[PDB]
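Each number in the authors' numbering comes from the position in the sequence shown (counting from 1) with 13 added on. All residues carry an ideal CB built from backbone N, CA and C; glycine is no exception.
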Amino acid sequence: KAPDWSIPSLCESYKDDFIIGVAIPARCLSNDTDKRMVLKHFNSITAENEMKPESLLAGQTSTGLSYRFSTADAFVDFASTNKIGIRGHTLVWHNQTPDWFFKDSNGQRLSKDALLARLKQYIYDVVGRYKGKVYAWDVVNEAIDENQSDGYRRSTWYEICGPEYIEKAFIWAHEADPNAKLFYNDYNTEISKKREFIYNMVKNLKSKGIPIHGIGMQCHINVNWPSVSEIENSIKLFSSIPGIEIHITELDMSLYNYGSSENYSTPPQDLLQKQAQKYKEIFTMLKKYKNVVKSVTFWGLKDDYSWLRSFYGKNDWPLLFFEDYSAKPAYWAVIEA
């Protein structure tokens with residue numbers, strides 16, 4: 014271990030810009046060093062997996078749902094006690110939701126009305142439990158597929174409900190906790206047709222009075238794509254819809270190009286530099302738009318915790334702190350942005 018407790022706090026450095034957050038697993042809440050790091054640098058956390066439907070759901074009775082809240086309570090209480098925000102992540106997603114959720118006791122797919130009724134109870138029960146304690150929810154995650162002509166992912170949600178599951182999720186979440194800021198969250202927001210679909214969906218929801226307050230740009234990006242100016246275009250277009258704030262929700266930056274045969278066992282110094290410069294430019298840009306960009310969260314505490322390593326099966330260095338907790342070139346560039 015080599016954490017440096019003397020260096021500038023990220024979140025304090027960004028005091029007058031925006032909240033700076035971190036995604037962590039449950040183990041981090043009760044690890045002495047992880048905990049100290051989180052509280053030194055961050056004034057928002059997101060539960061990496063522990064507030065998703067597969068983690069909250071225990072099962073069904075003939076008429077309702079049963080839940081397991083004790084780990085998620087630990088997350089929301091951590092945030093309450095240390096006076097930092099917690100973004101709830103996430104209420105409606107095609108991933109990380111049990112297959113039995115879309116089915117009755119007998120395993121038969123639920124009808125539209127029955128699935129919607131189950132969504133409403135779910136959102137009432139989860140959002141209701143944490144009323145007042147969660148500054149922002151990712152209500153709907155990754156509902157857009159730019160390869161479809163109507164722009165909608167053909168998930169079970171969509172197959173069963175058509176697109177009205179989206180708007181209804183926001184309605185019910187806003188009923189269960191009217192002071193939470195509710196987000197539509199997605200990745201690849203710089204893909205041209207995807208950005209358009211996301212923009213039209215949210216504009217249309219807003220036009221009709223659906224209570225969406227925000228777009229979450231995941232920003233799982235890499236050192237070579239997309240450009241900072243592409244990311245800025247998303248921010249401009251999305252925040253052009255009145256009443257739509259921006260959270261940068263799952264920021265990270267791979268050292269690889271997508272689909273690359275490259276494979277590193279230590280990070281090339283030149284890529285670590287390119288990473289620093291790009292992170293700096295991004296954050297200089299974000300400061301410019303702090304009137305609409307309110308919260309920026311990194312998807313991991315430090316590089317060895319990154320989801321990328323297990324997902325794509327090769328070592329990677331996507332964040333601001335190394336495996337030993339030491340500040341990377343990116344950290345120094347970001348504090349000076």
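My output table needs one value for residue i: the three-state DSSP class, helix, strand or coil.
| i | result |
| --- | --- |
| residue 122 | strand |
| residue 264 | strand |
| residue 80 | strand |
| residue 230 | strand |
| residue 310 | strand |
| residue 199 | strand |
| residue 109 | coil |
| residue 275 | coil |
| residue 155 | coil |
| residue 70 | strand |
| residue 340 | strand |
| residue 324 | helix |
| residue 135 | helix |
| residue 65 | coil |
| residue 334 | strand |
| residue 14 | coil |
| residue 194 | strand |
| residue 165 | strand |
| residue 143 | coil |
Do residue j and residue i count as a contact pair if the criterion is CB distance below 7 Å?
| i | j | result |
| --- | --- | --- |
| residue 267 | residue 235 | yes |
| residue 34 | residue 19 | no |
| residue 238 | residue 193 | no |
| residue 285 | residue 342 | yes |
| residue 22 | residue 53 | yes |
| residue 325 | residue 248 | no |
| residue 144 | residue 190 | yes |
| residue 89 | residue 97 | no |
| residue 223 | residue 196 | no |
| residue 79 | residue 72 | yes |
| residue 59 | residue 310 | yes |
| residue 147 | residue 104 | no |
| residue 327 | residue 276 | yes |
| residue 206 | residue 155 | no |
Quick check on the burial criterion: 16 or more other C-beta atoms within 10 angstroms. Buried or exposed for residue i?
| i | result |
| --- | --- |
| residue 45 | exposed |
| residue 161 | exposed |
| residue 344 | buried |
| residue 265 | buried |
| residue 271 | exposed |
| residue 208 | buried |
| residue 175 | exposed |
| residue 14 | exposed |
Name, in chain order, the residues that DSSP records as bridge partners for residue i.
| i | result |
| --- | --- |
| residue 101 | 150 |
| residue 37 | 60 |
| residue 235 | 238 and 267 |
| residue 32 | 308 |
| residue 259 | 228 and 306 |
| residue 183 | Beta-bridge pairing links residue 183 to no other residue. |
| residue 116 | 122 |
Can you tell me the Cα-Cα spacing of residue i and residue j, whole angstroms?
| i | j | result |
| --- | --- | --- |
| residue 351 | residue 278 | The chain is shown from 14 up to 350; residue 351 falls before or after that span and cannot be answered. |
| residue 135 | residue 102 | 14 Å |
| residue 216 | residue 203 | 17 Å |
| residue 13 | residue 262 | Outside the shown range of the chain, which is 14 to 350, sits residue 13, and nothing can be said about it. |
| residue 198 | residue 339 | 30 Å |
| residue 92 | residue 39 | 13 Å |
| residue 319 | residue 130 | 36 Å |
| residue 280 | residue 289 | 13 Å |
| residue 313 | residue 335 | 11 Å |
| residue 214 | residue 251 | 11 Å |
| residue 230 | residue 317 | 23 Å |
| residue 254 | residue 50 | 36 Å |
| residue 32 | residue 299 | 12 Å |
| residue 169 | residue 107 | 7 Å |
| residue 29 | residue 232 | 22 Å |
| residue 68 | residue 211 | 27 Å |
| residue 41 | residue 293 | 27 Å |
| residue 172 | residue 350 | 45 Å |
| residue 257 | residue 243 | 19 Å |
| residue 315 | residue 121 | 43 Å |
Does the beta carbon of residue i sit closer than 7 Å to a beta carbon anywhere in chain C?
| i | result |
| --- | --- |
| residue 236 | Checking the listed chains, one finds no chain C in this structure; it contains a single protein chain. |
Comparing the CB of residue i with every heavy atom of the ligand SAM, is any distance shorter than 6 Å?
| i | result |
| --- | --- |
| residue 20 | Within the structure as shown, the ligand SAM is missing, as the structure has no ligands at all. |
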